[PDB]
C-alpha cells in the first residue's frame, strides 16, 4: 500500500517522532515496559518505499517499551503514545530508526532515511506487581512507578489533589535512592524519565497547596541531574516567588527561558 493521507493535527511525541492518529483506540496508553502486540507498515518518508508490513506477513509483532530494538526506537516512542485498537501514522527520523548506514538486506533501508509508520495497536501487556521490594525486578518497578505516576497524573490537572501527590510519592517509593543508585544505561534513563517529571509533579502539586519550600527542593533533585530542565527552573522560581525571594526567584525565572 501507500502512506495513508491523514489530516489529523500532528502530535510531537519527541524531537524526532510525531503522530497523526487516524482511528481512535479504547482504553489507556501503555506504561514503560508493557509488551505491545501490533501490526504496522513501514515506508520511507521520501521515496515512499514500503519495506515491512505485518499484515501481509499476516503475523503481528510484540514490542517491549524500554527493551525495543535499536532501529525500532522511533516506533516505540510512537506506540507509547497510542491505545489499543488505535490506528495511526508515526513519522520517525533515521536517527531513531535504521539510520547511520541504513540496513542492507532483510529490510532494505537506504542510509539516513526517515520512515513513516502506519500503526495499529492490538493490545499491550503491562508489567505485574507484588511487594515494594518483594521479588520485583527493575522492569516491574519502573513500570509500576510509571503506572503510579500516571495514576497520580489523573488525580492532578487544574486542581492540585494531594492523593495525586500521594501516588507521585509512591512512584518515587518504588524507585528510590538505593534503587536509582544500582541502575544503568537504558534502565537508568527509563526511571529518570518517570522520576524527574514525577518530581516537578509533586512540585506544582505543592506550589498550589501552600507549601512552597518543599516545592523548591523537588525542583532541586531534578536540577542536579540535568540543570538544563526549564520546566523546573520556572516552577522553582514560582515557589521562590510566593516566598518573597525575588532576588533569586528571578534568577530561576530567567535561566528558564534558556
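Positions refer to the first chain, counted from 1.
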Between 36-44 and 222-230, which has the larger average Cα B-factor in the PDB entry? 222-230
If you average the Cα B factors in the entry, which is higher, 242-250 or 9-17? 242-250
Say you rank 184, 124, 156, 94 by Cα B-factor from the PDB entry; which sits at the top? 156
In terms of CA temperature factor as recorded, identify the highest of 188, 166, 81, 84. 166
Consider only the C-alpha atoms of the modelled residues in this chain, order them by B-factor as the entry records it, and name the third containing residue 117: lowest, middle or highest. lowest
Residue 147: CA B-factor among chain residues, third -> middle
Looking at the temperature factor on the CA atom of residue 130, which third of the chain's modelled residues does it land in? highest
State the tercile, meaning the lowest, middle or highest third, of residue 74 with respect to the CA B-factors recorded for its chain. lowest
The third of the chain into which the C-alpha temperature factor of residue 29 falls is the lowest
